[PDB]
$ cat model-v5.cif   # mmCIF, C-alpha atoms
data_structure
loop_
_atom_site.group_PDB
_atom_site.id
_atom_site.type_symbol
_atom_site.label_atom_id
_atom_site.label_comp_id
_atom_site.auth_asym_id
_atom_site.auth_seq_id
_atom_site.Cartn_x
_atom_site.Cartn_y
_atom_site.Cartn_z
ATOM 1 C CA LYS D 23 -38.341 -7.237 28.945
ATOM 2 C CA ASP D 24 -39.450 -8.575 32.322
ATOM 3 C CA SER D 25 -36.534 -9.104 34.709
ATOM 4 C CA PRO D 26 -37.755 -12.423 36.241
ATOM 5 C CA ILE D 27 -38.234 -14.012 32.804
ATOM 6 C CA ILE D 28 -34.777 -12.953 31.599
ATOM 7 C CA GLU D 29 -33.189 -14.126 34.855
ATOM 8 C CA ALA D 30 -34.952 -17.498 34.623
ATOM 9 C CA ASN D 31 -33.857 -17.935 31.003
ATOM 10 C CA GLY D 32 -30.258 -17.081 31.878
ATOM 11 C CA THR D 33 -30.222 -19.440 34.855
ATOM 12 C CA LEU D 34 -31.719 -22.260 32.774
ATOM 13 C CA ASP D 35 -29.141 -21.686 30.044
ATOM 14 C CA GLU D 36 -26.430 -21.821 32.699
ATOM 15 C CA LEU D 37 -27.997 -25.076 33.873
ATOM 16 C CA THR D 38 -27.872 -26.543 30.383
ATOM 17 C CA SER D 39 -24.232 -25.482 30.002
ATOM 18 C CA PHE D 40 -23.418 -27.199 33.292
ATOM 19 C CA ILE D 41 -25.228 -30.305 32.069
ATOM 20 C CA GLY D 42 -23.081 -30.063 28.961
ATOM 21 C CA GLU D 43 -19.850 -29.967 30.941
ATOM 22 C CA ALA D 44 -21.015 -32.817 33.169
ATOM 23 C CA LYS D 45 -22.119 -35.122 30.358
ATOM 24 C CA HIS D 46 -18.484 -35.811 29.419
ATOM 25 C CA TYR D 47 -17.757 -37.941 32.491
ATOM 26 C CA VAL D 48 -20.484 -40.606 32.285
ATOM 27 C CA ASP D 49 -21.135 -43.654 30.132
ATOM 28 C CA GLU D 50 -23.237 -43.745 26.978
ATOM 29 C CA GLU D 51 -26.516 -44.224 28.850
ATOM 30 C CA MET D 52 -26.330 -41.230 31.179
ATOM 31 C CA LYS D 53 -24.877 -39.272 28.266
ATOM 32 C CA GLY D 54 -28.012 -39.878 26.217
ATOM 33 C CA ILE D 55 -30.192 -39.121 29.230
ATOM 34 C CA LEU D 56 -28.424 -35.801 29.694
ATOM 35 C CA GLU D 57 -28.707 -35.007 25.986
ATOM 36 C CA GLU D 58 -32.479 -35.410 26.002
ATOM 37 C CA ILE D 59 -32.494 -33.390 29.223
ATOM 38 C CA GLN D 60 -30.725 -30.624 27.297
ATOM 39 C CA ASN D 61 -33.445 -30.912 24.677
ATOM 40 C CA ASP D 62 -36.181 -30.513 27.284
ATOM 41 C CA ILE D 63 -34.393 -27.590 28.943
ATOM 42 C CA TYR D 64 -34.144 -25.847 25.582
ATOM 43 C CA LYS D 65 -37.852 -26.510 25.106
ATOM 44 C CA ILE D 66 -38.572 -24.895 28.477
ATOM 45 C CA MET D 67 -36.371 -21.926 27.592
ATOM 46 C CA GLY D 68 -38.247 -21.464 24.325
ATOM 47 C CA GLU D 69 -41.594 -21.714 26.114
ATOM 48 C CA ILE D 70 -40.617 -19.153 28.762
ATOM 49 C CA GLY D 71 -39.109 -16.762 26.215
ATOM 50 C CA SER D 72 -42.507 -16.490 24.502
ATOM 51 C CA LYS D 73 -44.443 -15.993 27.780
ATOM 52 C CA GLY D 74 -46.322 -19.234 27.167
ATOM 53 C CA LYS D 75 -47.282 -18.427 23.572
ATOM 54 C CA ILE D 76 -45.167 -21.313 22.236
ATOM 55 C CA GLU D 77 -46.056 -24.806 23.441
ATOM 56 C CA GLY D 78 -43.338 -26.279 25.653
ATOM 57 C CA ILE D 79 -42.735 -29.616 27.333
ATOM 58 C CA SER D 80 -45.360 -32.340 27.645
ATOM 59 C CA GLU D 81 -46.392 -34.539 30.570
ATOM 60 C CA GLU D 82 -44.728 -37.548 28.917
ATOM 61 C CA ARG D 83 -41.378 -35.977 29.806
ATOM 62 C CA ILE D 84 -42.305 -35.793 33.490
ATOM 63 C CA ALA D 85 -43.601 -39.363 33.391
ATOM 64 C CA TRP D 86 -40.291 -40.458 31.866
ATOM 65 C CA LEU D 87 -38.394 -38.577 34.569
ATOM 66 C CA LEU D 88 -40.449 -40.244 37.296
ATOM 67 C CA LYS D 89 -39.772 -43.614 35.684
ATOM 68 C CA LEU D 90 -36.051 -42.877 35.848
ATOM 69 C CA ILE D 91 -36.457 -41.747 39.459
ATOM 70 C CA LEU D 92 -37.982 -45.084 40.415
ATOM 71 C CA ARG D 93 -35.418 -47.018 38.375
ATOM 72 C CA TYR D 94 -32.476 -45.400 40.134
ATOM 73 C CA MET D 95 -34.285 -45.381 43.481
ATOM 74 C CA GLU D 96 -34.590 -49.160 43.593
ATOM 75 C CA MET D 97 -30.793 -49.407 43.207
ATOM 76 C CA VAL D 98 -29.809 -46.944 45.967
ATOM 77 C CA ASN D 99 -29.889 -47.248 49.769
ATOM 78 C CA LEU D 100 -29.840 -43.780 51.313
ATOM 79 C CA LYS D 101 -29.101 -44.118 55.021
ATOM 80 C CA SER D 102 -27.508 -40.861 56.198
ATOM 81 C CA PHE D 103 -26.178 -37.552 54.927
ATOM 82 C CA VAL D 104 -23.185 -37.985 52.619
ATOM 83 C CA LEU D 105 -20.475 -35.480 51.841
ATOM 84 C CA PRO D 106 -20.880 -34.388 48.205
ATOM 85 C CA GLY D 107 -18.093 -35.124 45.764
ATOM 86 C CA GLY D 108 -17.114 -38.737 46.347
ATOM 87 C CA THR D 109 -15.733 -38.831 42.806
ATOM 88 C CA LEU D 110 -15.306 -36.316 39.999
ATOM 89 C CA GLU D 111 -18.433 -37.486 38.183
ATOM 90 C CA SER D 112 -20.546 -37.260 41.327
ATOM 91 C CA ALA D 113 -19.221 -33.776 42.057
ATOM 92 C CA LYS D 114 -20.048 -32.556 38.552
ATOM 93 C CA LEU D 115 -23.545 -34.010 38.731
ATOM 94 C CA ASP D 116 -24.220 -32.534 42.164
ATOM 95 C CA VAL D 117 -23.033 -29.117 40.972
ATOM 96 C CA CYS D 118 -25.538 -29.467 38.145
ATOM 97 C CA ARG D 119 -28.138 -30.365 40.774
ATOM 98 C CA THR D 120 -27.492 -27.163 42.711
ATOM 99 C CA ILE D 121 -27.690 -25.096 39.531
ATOM 100 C CA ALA D 122 -30.962 -26.872 38.769
ATOM 101 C CA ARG D 123 -32.276 -25.855 42.180
ATOM 102 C CA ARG D 124 -31.348 -22.242 41.485
ATOM 103 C CA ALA D 125 -33.113 -22.362 38.124
ATOM 104 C CA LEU D 126 -36.070 -24.019 39.854
ATOM 105 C CA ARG D 127 -36.359 -21.117 42.284
ATOM 106 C CA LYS D 128 -36.169 -18.726 39.328
ATOM 107 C CA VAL D 129 -38.943 -20.614 37.510
ATOM 108 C CA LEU D 130 -41.059 -20.668 40.679
ATOM 109 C CA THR D 131 -40.668 -16.891 40.977
ATOM 110 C CA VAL D 132 -41.644 -16.501 37.311
ATOM 111 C CA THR D 133 -44.702 -18.704 37.882
ATOM 112 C CA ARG D 134 -45.725 -16.672 40.930
ATOM 113 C CA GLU D 135 -45.359 -13.488 38.863
ATOM 114 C CA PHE D 136 -47.179 -14.730 35.737
ATOM 115 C CA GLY D 137 -48.996 -17.986 36.532
ATOM 116 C CA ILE D 138 -47.174 -20.089 33.919
ATOM 117 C CA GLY D 139 -44.401 -22.659 34.075
ATOM 118 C CA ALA D 140 -45.716 -24.941 36.828
ATOM 119 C CA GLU D 141 -44.955 -27.949 34.621
ATOM 120 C CA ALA D 142 -41.470 -26.508 34.093
ATOM 121 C CA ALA D 143 -41.039 -26.241 37.871
ATOM 122 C CA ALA D 144 -42.122 -29.864 38.306
ATOM 123 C CA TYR D 145 -39.704 -30.910 35.556
ATOM 124 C CA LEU D 146 -36.845 -29.043 37.229
ATOM 125 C CA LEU D 147 -37.629 -30.623 40.601
ATOM 126 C CA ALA D 148 -37.632 -34.047 38.968
ATOM 127 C CA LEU D 149 -34.340 -33.097 37.325
ATOM 128 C CA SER D 150 -32.857 -32.173 40.698
ATOM 129 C CA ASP D 151 -33.906 -35.485 42.219
ATOM 130 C CA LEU D 152 -32.614 -37.311 39.148
ATOM 131 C CA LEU D 153 -29.213 -35.634 39.353
ATOM 132 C CA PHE D 154 -28.927 -36.446 43.052
ATOM 133 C CA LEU D 155 -29.793 -40.067 42.291
ATOM 134 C CA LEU D 156 -27.291 -40.186 39.433
ATOM 135 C CA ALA D 157 -24.519 -38.925 41.702
ATOM 136 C CA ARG D 158 -25.320 -41.549 44.325
ATOM 137 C CA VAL D 159 -25.486 -44.227 41.618
ATOM 138 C CA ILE D 160 -22.033 -43.275 40.340
ATOM 139 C CA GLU D 161 -20.674 -43.482 43.881
ATOM 140 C CA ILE D 162 -22.241 -46.924 44.350
ATOM 141 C CA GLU D 163 -20.819 -48.089 41.020
ATOM 142 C CA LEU D 164 -17.336 -46.995 42.075
ATOM 143 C CA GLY D 165 -17.775 -48.859 45.355
ATOM 144 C CA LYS D 166 -18.854 -51.959 43.449
ATOM 145 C CA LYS D 167 -15.777 -51.756 41.230
ATOM 146 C CA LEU D 168 -13.699 -51.444 44.401
ATOM 147 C CA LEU D 169 -15.328 -54.619 45.731
ATOM 148 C CA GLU D 170 -14.571 -56.346 42.427
ATOM 149 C CA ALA D 171 -10.927 -55.266 42.650
ATOM 150 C CA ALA D 172 -10.696 -56.471 46.250
ATOM 151 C CA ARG D 173 -12.110 -59.851 45.231
ATOM 152 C CA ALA D 174 -9.554 -60.009 42.420
ATOM 153 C CA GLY D 175 -6.861 -59.024 44.915
ATOM 154 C CA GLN D 176 -4.377 -57.402 42.509
ATOM 155 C CA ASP D 177 -3.956 -54.001 43.985
ATOM 156 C CA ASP D 178 -3.603 -51.611 41.037
ATOM 157 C CA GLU D 179 -7.354 -51.120 40.607
ATOM 158 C CA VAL D 180 -7.684 -50.889 44.390
ATOM 159 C CA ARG D 181 -5.202 -48.036 44.696
ATOM 160 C CA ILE D 182 -6.352 -46.170 41.577
ATOM 161 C CA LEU D 183 -9.972 -46.299 42.748
ATOM 162 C CA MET D 184 -9.157 -45.402 46.352
ATOM 163 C CA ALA D 185 -7.133 -42.395 45.217
ATOM 164 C CA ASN D 186 -10.069 -41.511 42.946
ATOM 165 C CA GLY D 187 -12.362 -41.131 45.968
ATOM 166 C CA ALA D 188 -14.278 -44.416 45.904
ATOM 167 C CA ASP D 189 -15.928 -45.142 49.247
ATOM 168 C CA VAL D 190 -13.560 -47.198 51.402
ATOM 169 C CA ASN D 191 -16.299 -48.636 53.649
ATOM 170 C CA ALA D 192 -18.859 -49.443 50.960
ATOM 171 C CA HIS D 193 -20.447 -52.860 51.357
ATOM 172 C CA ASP D 194 -22.041 -55.527 49.195
ATOM 173 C CA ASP D 195 -25.644 -56.611 49.796
ATOM 174 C CA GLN D 196 -24.147 -59.318 52.036
ATOM 175 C CA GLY D 197 -22.584 -56.540 54.128
ATOM 176 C CA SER D 198 -18.942 -57.294 53.316
ATOM 177 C CA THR D 199 -16.589 -54.316 53.147
ATOM 178 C CA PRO D 200 -13.540 -54.384 50.856
ATOM 179 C CA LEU D 201 -11.583 -55.220 54.006
ATOM 180 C CA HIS D 202 -13.662 -58.388 54.363
ATOM 181 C CA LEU D 203 -12.950 -59.410 50.769
ATOM 182 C CA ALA D 204 -9.246 -58.614 51.100
ATOM 183 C CA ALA D 205 -9.042 -60.747 54.238
ATOM 184 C CA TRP D 206 -10.953 -63.559 52.536
ATOM 185 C CA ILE D 207 -8.809 -63.697 49.395
ATOM 186 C CA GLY D 208 -5.513 -63.237 51.232
ATOM 187 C CA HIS D 209 -3.888 -60.081 49.831
ATOM 188 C CA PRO D 210 -2.545 -58.108 52.812
ATOM 189 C CA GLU D 211 -1.049 -55.149 50.924
ATOM 190 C CA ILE D 212 -4.574 -54.060 50.044
ATOM 191 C CA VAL D 213 -5.456 -54.486 53.730
ATOM 192 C CA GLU D 214 -2.749 -52.073 54.869
ATOM 193 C CA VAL D 215 -3.375 -49.537 52.108
ATOM 194 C CA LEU D 216 -7.079 -49.483 52.984
ATOM 195 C CA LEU D 217 -6.477 -49.351 56.744
ATOM 196 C CA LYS D 218 -4.189 -46.339 56.287
ATOM 197 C CA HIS D 219 -7.017 -43.982 55.299
ATOM 198 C CA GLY D 220 -9.431 -44.702 58.152
ATOM 199 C CA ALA D 221 -10.857 -48.116 57.275
ATOM 200 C CA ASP D 222 -12.986 -49.362 60.166
ATOM 201 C CA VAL D 223 -11.388 -52.558 61.481
ATOM 202 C CA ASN D 224 -14.584 -53.363 63.409
ATOM 203 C CA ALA D 225 -17.004 -53.422 60.466
ATOM 204 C CA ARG D 226 -19.859 -55.898 60.871
ATOM 205 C CA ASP D 227 -21.382 -57.862 58.001
ATOM 206 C CA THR D 228 -24.863 -59.387 57.909
ATOM 207 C CA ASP D 229 -23.415 -62.800 58.855
ATOM 208 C CA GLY D 230 -21.778 -61.565 62.066
ATOM 209 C CA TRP D 231 -18.261 -61.919 60.655
ATOM 210 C CA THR D 232 -15.780 -59.143 61.279
ATOM 211 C CA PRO D 233 -12.690 -58.863 59.056
ATOM 212 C CA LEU D 234 -10.553 -60.272 61.863
ATOM 213 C CA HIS D 235 -12.796 -63.285 62.537
ATOM 214 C CA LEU D 236 -12.950 -64.315 58.881
ATOM 215 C CA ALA D 237 -9.257 -63.561 58.325
ATOM 216 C CA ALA D 238 -8.308 -65.786 61.261
ATOM 217 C CA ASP D 239 -10.725 -68.362 59.852
ATOM 218 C CA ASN D 240 -8.588 -68.539 56.694
ATOM 219 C CA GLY D 241 -5.406 -68.967 58.733
ATOM 220 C CA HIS D 242 -3.741 -65.791 57.434
ATOM 221 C CA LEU D 243 -1.285 -64.804 60.152
ATOM 222 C CA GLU D 244 -0.063 -61.663 58.406
ATOM 223 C CA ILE D 245 -3.468 -60.088 57.798
ATOM 224 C CA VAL D 246 -4.626 -60.928 61.327
ATOM 225 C CA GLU D 247 -1.540 -59.417 62.957
ATOM 226 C CA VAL D 248 -1.858 -56.309 60.774
ATOM 227 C CA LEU D 249 -5.454 -55.966 61.940
ATOM 228 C CA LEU D 250 -4.387 -56.399 65.564
ATOM 229 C CA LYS D 251 -1.746 -53.664 65.431
ATOM 230 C CA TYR D 252 -4.478 -51.458 63.928
ATOM 231 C CA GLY D 253 -6.641 -51.801 67.039
ATOM 232 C CA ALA D 254 -8.631 -54.891 66.060
ATOM 233 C CA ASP D 255 -11.042 -56.079 68.758
ATOM 234 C CA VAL D 256 -9.290 -59.139 70.177
ATOM 235 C CA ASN D 257 -12.554 -60.351 71.758
ATOM 236 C CA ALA D 258 -15.256 -59.208 69.330
ATOM 237 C CA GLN D 259 -18.222 -61.593 69.227
ATOM 238 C CA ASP D 260 -20.045 -62.711 66.086
ATOM 239 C CA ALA D 261 -23.749 -63.390 65.530
ATOM 240 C CA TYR D 262 -23.195 -66.744 67.277
ATOM 241 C CA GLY D 263 -21.235 -65.222 70.169
ATOM 242 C CA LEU D 264 -17.914 -66.636 68.959
ATOM 243 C CA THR D 265 -14.715 -64.777 69.771
ATOM 244 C CA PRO D 266 -11.675 -64.924 67.457
ATOM 245 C CA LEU D 267 -10.069 -67.604 69.627
ATOM 246 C CA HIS D 268 -12.985 -70.014 69.179
ATOM 247 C CA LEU D 269 -12.769 -70.003 65.380
ATOM 248 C CA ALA D 270 -8.976 -70.040 65.643
ATOM 249 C CA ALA D 271 -9.236 -73.280 67.619
ATOM 250 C CA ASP D 272 -11.846 -74.545 65.155
ATOM 251 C CA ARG D 273 -9.206 -74.970 62.448
ATOM 252 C CA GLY D 274 -6.359 -75.471 64.924
ATOM 253 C CA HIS D 275 -4.144 -72.478 64.095
ATOM 254 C CA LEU D 276 -1.754 -72.569 67.036
ATOM 255 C CA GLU D 277 0.150 -69.493 65.854
ATOM 256 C CA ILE D 278 -3.065 -67.481 65.492
ATOM 257 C CA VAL D 279 -4.140 -68.698 68.934
ATOM 258 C CA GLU D 280 -0.905 -67.603 70.605
ATOM 259 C CA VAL D 281 -0.939 -64.257 68.787
ATOM 260 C CA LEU D 282 -4.501 -63.619 69.961
ATOM 261 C CA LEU D 283 -3.571 -64.645 73.508
ATOM 262 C CA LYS D 284 -0.675 -62.177 73.377
ATOM 263 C CA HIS D 285 -3.212 -59.468 72.502
ATOM 264 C CA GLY D 286 -5.809 -60.139 75.207
ATOM 265 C CA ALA D 287 -7.960 -62.970 73.856
ATOM 266 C CA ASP D 288 -10.117 -64.669 76.497
ATOM 267 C CA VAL D 289 -9.388 -68.402 76.569
ATOM 268 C CA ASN D 290 -12.603 -69.242 78.452
ATOM 269 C CA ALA D 291 -15.130 -67.092 76.573
ATOM 270 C CA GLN D 292 -18.676 -68.426 76.193
ATOM 271 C CA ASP D 293 -20.482 -68.490 72.857
ATOM 272 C CA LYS D 294 -24.218 -69.018 72.343
ATOM 273 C CA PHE D 295 -23.827 -72.799 72.644
ATOM 274 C CA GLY D 296 -21.571 -72.289 75.679
ATOM 275 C CA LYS D 297 -18.422 -73.744 74.093
ATOM 276 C CA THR D 298 -15.058 -72.420 75.246
ATOM 277 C CA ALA D 299 -11.952 -72.308 73.078
ATOM 278 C CA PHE D 300 -9.964 -74.505 75.469
ATOM 279 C CA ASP D 301 -12.810 -77.024 75.483
ATOM 280 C CA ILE D 302 -12.950 -76.763 71.687
ATOM 281 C CA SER D 303 -9.271 -77.729 71.581
ATOM 282 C CA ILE D 304 -9.919 -80.615 73.978
ATOM 283 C CA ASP D 305 -12.775 -81.816 71.754
ATOM 284 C CA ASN D 306 -10.747 -82.207 68.550
ATOM 285 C CA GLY D 307 -7.957 -84.142 70.265
ATOM 286 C CA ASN D 308 -5.163 -81.594 69.751
ATOM 287 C CA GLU D 309 -3.123 -81.471 72.933
ATOM 288 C CA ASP D 310 -0.379 -78.935 72.192
ATOM 289 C CA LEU D 311 -3.011 -76.268 71.526
ATOM 290 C CA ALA D 312 -4.694 -77.029 74.856
ATOM 291 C CA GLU D 313 -1.321 -76.814 76.610
ATOM 292 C CA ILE D 314 -0.750 -73.412 75.001
ATOM 293 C CA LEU D 315 -4.320 -72.385 75.872
ATOM 294 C CA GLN D 316 -3.678 -73.258 79.529
#
$ encode --input "model-v5.cif" --output "structure tokens"
Amino acid sequence: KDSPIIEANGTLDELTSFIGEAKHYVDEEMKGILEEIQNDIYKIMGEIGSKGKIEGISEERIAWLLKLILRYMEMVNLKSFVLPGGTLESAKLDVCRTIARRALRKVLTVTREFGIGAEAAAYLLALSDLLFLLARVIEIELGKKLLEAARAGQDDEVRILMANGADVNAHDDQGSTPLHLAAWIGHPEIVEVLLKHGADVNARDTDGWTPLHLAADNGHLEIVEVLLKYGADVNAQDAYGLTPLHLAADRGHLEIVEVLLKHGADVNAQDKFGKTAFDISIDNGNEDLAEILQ
């Protein structure tokens, strides 16, 4: 009869329907999680419909939700605001999160009007946090599969995932972007297809290696020149102060050296140890490289 109670019940039932539509895009594990969440939401709906006469959820449910919160929190690294909807699954889950927030406001209003349902409000808040975490986890999983595809180097998974909205500039715990892996393995086509959609050529790993430094380290002319036409920093310095030309001279790639020189590389740059690329060439006894470097 009371309008707030009916509105809260309707909003919760909408929330459980949205959970139902979302639960068809996840694996078995999140599917089971969402099913027991449906069970708890139905319990809350039954409790509210009786004005607290029928016993509802128990504190074990909230403890379980907090356990899940911690479990998915250890596996996520939130650093800045992210645009919702990285992939279909994340978008569905975040929509469910917003509906959960609406139902949470409804339950809070009902509690303020009647003094019951505080545990339901806490459960819904935990549900909102859990859905946000699940969306971020799905995004991270897609990024990890993208990294796996880049390491494999055969581009079908790369393109299907990139079209699917997987984060292009996601990084491993080492800090390597898919561009870094593509440069390391030696599959350029992935490098171009990633660079087309705004891939940052100047990404920095935890080891100081940019994609261009490591790519030139492997002696891959094609990938390096593709990076250069895409605005690669010809004189970017690593964690040891090395420019691309220093590492180019380290393995004696004359063609890489001359390409870098054509694009503004500094022959006499200083690293942390003070070594210059020309002096590096002199040290190893290669004379044609020094002649080109001079």
$ closest_residue --input "model-v5.cif" --among "D:190, D:132, D:162, D:205" --to "residue 220 (chain D)" --atoms "only C-alpha atoms"
D:190
$ resolve_selection --input "model-v5.cif" --expression "the PyMOL selection byres ((chain D and resi 56) around 10)" --output "JSON list (two decimals) with C-alpha atoms, in the coordinates of the input"
[["chain", "number", "residue", "atom", "x", "y", "z"],
["D", 38, "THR", "CA", -27.87, -26.54, 30.38],
["D", 41, "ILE", "CA", -25.23, -30.30, 32.07],
["D", 42, "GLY", "CA", -23.08, -30.06, 28.96],
["D", 44, "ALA", "CA", -21.02, -32.82, 33.17],
["D", 45, "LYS", "CA", -22.12, -35.12, 30.36],
["D", 46, "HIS", "CA", -18.48, -35.81, 29.42],
["D", 48, "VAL", "CA", -20.48, -40.61, 32.28],
["D", 50, "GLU", "CA", -23.24, -43.74, 26.98],
["D", 51, "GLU", "CA", -26.52, -44.22, 28.85],
["D", 52, "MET", "CA", -26.33, -41.23, 31.18],
["D", 53, "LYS", "CA", -24.88, -39.27, 28.27],
["D", 54, "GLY", "CA", -28.01, -39.88, 26.22],
["D", 55, "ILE", "CA", -30.19, -39.12, 29.23],
["D", 57, "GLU", "CA", -28.71, -35.01, 25.99],
["D", 58, "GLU", "CA", -32.48, -35.41, 26.00],
["D", 59, "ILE", "CA", -32.49, -33.39, 29.22],
["D", 60, "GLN", "CA", -30.72, -30.62, 27.30],
["D", 61, "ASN", "CA", -33.44, -30.91, 24.68],
["D", 62, "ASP", "CA", -36.18, -30.51, 27.28],
["D", 153, "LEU", "CA", -29.21, -35.63, 39.35]]
$ atom_distance --input "model-v5.cif" --atom1 "CA of residue 188 (chain D)" --atom2 "CA of residue 165 (chain D)"
5.7 Å
$ atom_distance --input "model-v5.cif" --atom1 "CA of residue 90 (chain D)" --atom2 "CA of residue 74 (chain D)"
27.2 Å
$ resolve_selection --input "model-v5.cif" --expression "the PyMOL selection byres ((chain D and resi 241) around 9)" --output "list in words"
residues 236, 237, 238, 239, 240, 242, 243, 246, 270, 273, 275 and 278 of chain D
$ write_last_selection --input "model-v5.cif" --atoms "C-alpha atoms" --output "mmCIF file, keeping the file's coordinate frame"
data_model
loop_
_atom_site.group_PDB
_atom_site.id
_atom_site.type_symbol
_atom_site.label_atom_id
_atom_site.label_comp_id
_atom_site.auth_asym_id
_atom_site.auth_seq_id
_atom_site.Cartn_x
_atom_site.Cartn_y
_atom_site.Cartn_z
ATOM 1 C CA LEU D 236 -12.950 -64.315 58.881
ATOM 2 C CA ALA D 237 -9.257 -63.561 58.325
ATOM 3 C CA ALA D 238 -8.308 -65.786 61.261
ATOM 4 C CA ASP D 239 -10.725 -68.362 59.852
ATOM 5 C CA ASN D 240 -8.588 -68.539 56.694
ATOM 6 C CA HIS D 242 -3.741 -65.791 57.434
ATOM 7 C CA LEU D 243 -1.285 -64.804 60.152
ATOM 8 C CA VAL D 246 -4.626 -60.928 61.327
ATOM 9 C CA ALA D 270 -8.976 -70.040 65.643
ATOM 10 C CA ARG D 273 -9.206 -74.970 62.448
ATOM 11 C CA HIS D 275 -4.144 -72.478 64.095
ATOM 12 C CA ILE D 278 -3.065 -67.481 65.492
#
$ atom_distance --input "model-v5.cif" --atom1 "CA of residue 191 (chain D)" --atom2 "CA of residue 152 (chain D)"
24.6 Å
$ closest_residue --input "model-v5.cif" --among "D:314, D:201, D:215, D:129" --to "residue 141 (chain D)" --atoms "all atoms listed in the file"
D:129
$ closest_residue --input "model-v5.cif" --among "D:287, D:304, D:157, D:148" --to "residue 106 (chain D)" --atoms "all atoms listed in the file"
D:157
$ closest_residue --input "model-v5.cif" --among "D:160, D:168, D:76, D:105" --to "residue 182 (chain D)" --atoms "all atoms listed in the file"
D:168
$ residues_around --input "model-v5.cif" --residues "residue 262 (chain D)" --least-positions-apart "5" --cutoff "9 Å" --atoms "only C-alpha atoms" --output "list in words"
residues 230, 293, 294 and 295 of chain D
$ write_last_selection --input "model-v5.cif" --atoms "C-alpha atoms" --output "PDB file, in the coordinates of the input"
ATOM      1  CA  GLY D 230     -21.778 -61.565  62.066  1.00  0.00           C
ATOM      2  CA  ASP D 293     -20.482 -68.490  72.857  1.00  0.00           C
ATOM      3  CA  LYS D 294     -24.218 -69.018  72.343  1.00  0.00           C
ATOM      4  CA  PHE D 295     -23.827 -72.799  72.644  1.00  0.00           C
TER       5      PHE D 295
END
$ resolve_selection --input "model-v5.cif" --expression "the PyMOL selection byres ((chain D and resi 97) around 12)" --output "count of residues only"
19
$ axis_aligned_box --input "model-v5.cif" --around "region 56-62 of chain D" --padding-each-side "3 Å" --output "JSON"
{"center_x": -32.3, "center_y": -33.2, "center_z": 27.2, "size_x": 13.8, "size_y": 11.3, "size_z": 11.0}
$ closest_residue --input "model-v5.cif" --among "D:276, D:234, D:87, D:203" --to "residue 256 (chain D)" --atoms "only C-alpha atoms"
D:234
$ residues_around --input "model-v5.cif" --residues "residue 312 (chain D)" --least-positions-apart "4" --cutoff "8 Å" --atoms "all atoms listed in the file" --output "MDAnalysis selection string"
chainID D and resid 300 303:304 308 316
$ decode --input "model-v5.cif" --residues "region 240-279 of chain D" --atoms "C-alpha atoms" --output "CSV table (one decimal), in the first residue's frame"
chain,number,residue,atom,x,y,z
D,240,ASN,CA,66.1,-7.1,-31.6
D,241,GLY,CA,67.3,-5.7,-34.9
D,242,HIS,CA,63.8,-5.4,-36.5
D,243,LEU,CA,64.2,-2.7,-39.2
D,244,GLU,CA,60.6,-2.8,-40.3
D,245,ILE,CA,59.0,-2.3,-36.8
D,246,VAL,CA,61.5,0.4,-35.9
D,247,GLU,CA,60.8,2.4,-39.1
D,248,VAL,CA,57.1,2.0,-38.6
D,249,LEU,CA,57.4,3.4,-35.1
D,250,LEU,CA,59.5,6.3,-36.4
D,251,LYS,CA,57.0,7.3,-39.1
D,252,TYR,CA,54.4,7.2,-36.2
D,253,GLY,CA,56.3,9.9,-34.3
D,254,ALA,CA,58.6,7.7,-32.2
D,255,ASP,CA,61.0,9.6,-30.0
D,256,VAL,CA,64.3,9.3,-31.9
D,257,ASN,CA,66.2,10.3,-28.7
D,258,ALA,CA,64.2,8.9,-25.9
D,259,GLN,CA,66.3,7.8,-22.9
D,260,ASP,CA,65.8,4.7,-20.9
D,261,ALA,CA,66.3,4.1,-17.1
D,262,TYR,CA,70.1,4.0,-17.8
D,263,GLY,CA,70.0,7.1,-20.0
D,264,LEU,CA,70.6,5.2,-23.2
D,265,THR,CA,69.2,6.6,-26.4
D,266,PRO,CA,68.2,4.3,-29.3
D,267,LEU,CA,71.5,4.8,-31.1
D,268,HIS,CA,73.5,3.4,-28.1
D,269,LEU,CA,71.6,0.1,-28.1
D,270,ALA,CA,71.7,0.1,-31.9
D,271,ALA,CA,75.5,0.3,-31.8
D,272,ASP,CA,75.5,-2.3,-29.0
D,273,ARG,CA,74.5,-5.1,-31.4
D,274,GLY,CA,76.0,-3.3,-34.4
D,275,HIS,CA,72.9,-2.8,-36.6
D,276,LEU,CA,74.3,-0.4,-39.2
D,277,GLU,CA,71.0,0.0,-41.0
D,278,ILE,CA,69.2,0.8,-37.8
D,279,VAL,CA,71.9,3.3,-36.9
